[PDB]
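Given next, in structure tokens, is a single chain: the form deposited in one PDB entry.
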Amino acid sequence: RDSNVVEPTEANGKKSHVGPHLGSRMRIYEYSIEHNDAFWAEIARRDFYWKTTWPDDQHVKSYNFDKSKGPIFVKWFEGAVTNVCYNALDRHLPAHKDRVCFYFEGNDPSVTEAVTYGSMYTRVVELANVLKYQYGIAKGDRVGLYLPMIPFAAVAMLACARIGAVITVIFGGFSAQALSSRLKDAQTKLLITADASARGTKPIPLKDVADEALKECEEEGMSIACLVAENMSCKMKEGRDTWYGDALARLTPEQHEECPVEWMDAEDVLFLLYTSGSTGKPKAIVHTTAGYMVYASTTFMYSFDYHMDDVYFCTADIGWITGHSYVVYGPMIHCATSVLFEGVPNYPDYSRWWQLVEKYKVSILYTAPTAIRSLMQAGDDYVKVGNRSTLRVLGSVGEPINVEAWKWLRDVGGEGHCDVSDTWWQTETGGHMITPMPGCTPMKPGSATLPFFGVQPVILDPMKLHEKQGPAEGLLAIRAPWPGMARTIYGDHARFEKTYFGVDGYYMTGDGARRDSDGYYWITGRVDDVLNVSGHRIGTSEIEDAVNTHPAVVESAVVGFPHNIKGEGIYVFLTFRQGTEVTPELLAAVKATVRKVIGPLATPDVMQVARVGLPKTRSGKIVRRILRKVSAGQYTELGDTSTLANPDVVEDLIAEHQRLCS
């Protein structure tokens, strides 16, 4: 056995749904691959409600991964009928009406509410009836959500699922321009938002931002209604904007108690989630109903070993896939009791998440390496004042975790009595794909370990594009379908086939990985050109285009660079027009332009002025390798300069970088 292996705790072994040692997991995994249809049919029948089941347990999937045979497609549970809201809520009643669904706390610690499953039912039937009868939302209509992490956010997702509407969630940190682009592309009929929120000391205007987005949408010929939850005096446009309290007042008494369920076919769309690509504008990843429901919920259960006596806390936002699968849908479908937190880990101070852990007796904590590294920098006293005795599983998602952060998470945060589930997956996969399972999986810090049940990863040789056996490094791909796979890109199946199915027979993840002699996977990062910043994808061209809209800017080039907290940061090289007075204020104005066009999440970390221009070939192409190496401080590895039309720029780029140090 490797010396870096960490054994699962004995207590987690005894509690595990799977078993106390690796053989228990491998027995199920083998069955889940060789009897793949029967496995998922048994899971689906065991753990979910179906109005109508699929016709044949031996054939719950049909698919084509080989473009030479025809269009790429995937279907799971075709013929079955179900509803995600019913599985998240109604079926838990009346037996669990008094069970807490969310222990909610606001940014302000004096704002708290324990929301039971019974109360969620009431809230969801009310909102669903508002949507049906006051907004005329019908099956398949698109509804945009621009909401903070408050109970109404989950209510809104589940109410739309209840009636068969398609949600598209826009992260609350996007700007108005980013919000409007998503509403226009999805052709939303309705925007659900809130008056405002707060994050630390920062006010978060939501309806004020939505006002600017809706004005742009109207200029484009759209008519989008807006429903505003009361979270914290807004301007309300007569005829377009309604306070949720006024909408509630229009309900009849029985509309507070009953709302018919729209029974959905298996491949009906559930949500669109706009995701940045290596090239081009963000595209909406499409997830349908039955396969996603099954996959998000089953991975929730096994990857975290969730039992009914556990209390769960995921720190992710609903604006991202982790918040879809592992705050709202997956946890509620398995009747989890969860912490729902509107705020940030450092307000009032850096003990906040630990205050939540101890107050609600959290036993499973799912967070991200950027956040962990921030907690590490703040100092261990903020952690050690908290009682962490209830923690038994800690999870990490979104980006690689290095050994030091992994060890700190387990041995400081979790006091050495936790297993750690480093879950590798992506927006397109619906749920966890490679992950430890508590109690049964020996862990290697920095490795995602073994594939989830029903998942067959492969390592493809980058040059020959065929599978490599045994220990190997190359392109991470998946050789067979799983229930949670995204079904298309909204309005662009051609781009979906091009991006993910360029090698016939495989789903191409866009990640590189190494598989070791124990079959454990080590994800080494994106092999395309998209950035993964604080755990979320952003494309360089989006940031460049935004930077270039500043009137003084001639040209820009954006690269990622290693960042000790965010993993990968945003480094901008740019040129200004002749005669520009370059000042700190001007650089701040260019940064503010990015923040207006995209949002704070896209704030450049470093802005370097290329006094003499960007390195370009004689054909005018920017030589990005040079900028990548400079931004990382790797001056000895710039590589070839002989194709540069302007080789005198290199000396300046290095000297300016050293002055900034970056």
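Take the two forms, find the largest set of C-alpha atoms that superpose within 1.5 Å, and that set is the rigid core. Numbers for residues come from their place in the sequence shown, where the first is 1.
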Unresolved deposited residues lying between neighbours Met232 and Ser233: 1 to 3
Return whichever of 112-120 and 245-253 has the greater mean Cα B factor according to the PDB record. 245-253
Looking at the entry, does 33-41 or 66-74 show the higher mean C-alpha B-factor? 66-74
Specify which of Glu358, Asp268, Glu258, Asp516 carries the largest Cα B factor in the deposited PDB entry. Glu258
From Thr289, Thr449, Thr337, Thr583, the top C-alpha temperature factor is at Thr583
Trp406: CA temperature factor from the record, placed by chain third, in the lowest
Tell me, lowest, middle or highest third: where does the Cα B factor of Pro483 rank within its chain? lowest
Would you check the entry's CA temperature factor for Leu22 and let me know if it's in the chain's lowest, middle or highest third? middle
Could you place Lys184 in the lowest, middle or highest third of its chain by Cα temperature factor, using the values in the record? middle
Hey, what third does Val597 fall into on Cα B-factor, ranked over its chain? lowest
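Omitted from view is the form deposited in another entry, to which the following refers.
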Picking from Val553, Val527, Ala247, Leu356, which residue has its CA shift by 2 Å or more between this form and the one not shown, once the rigid core of the two forms is superposed? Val553
Core-aligned C-alpha movement of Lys61 between this form and the one not shown reaching 2 Å: no
How about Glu10 - superposed on the rigid core, does its CA move between this form and the one not shown by 2 Å or more? no
Answer yes if the CA of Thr52 moves 2 Å or more between this form and the one not shown after aligning the rigid core, and no otherwise. no
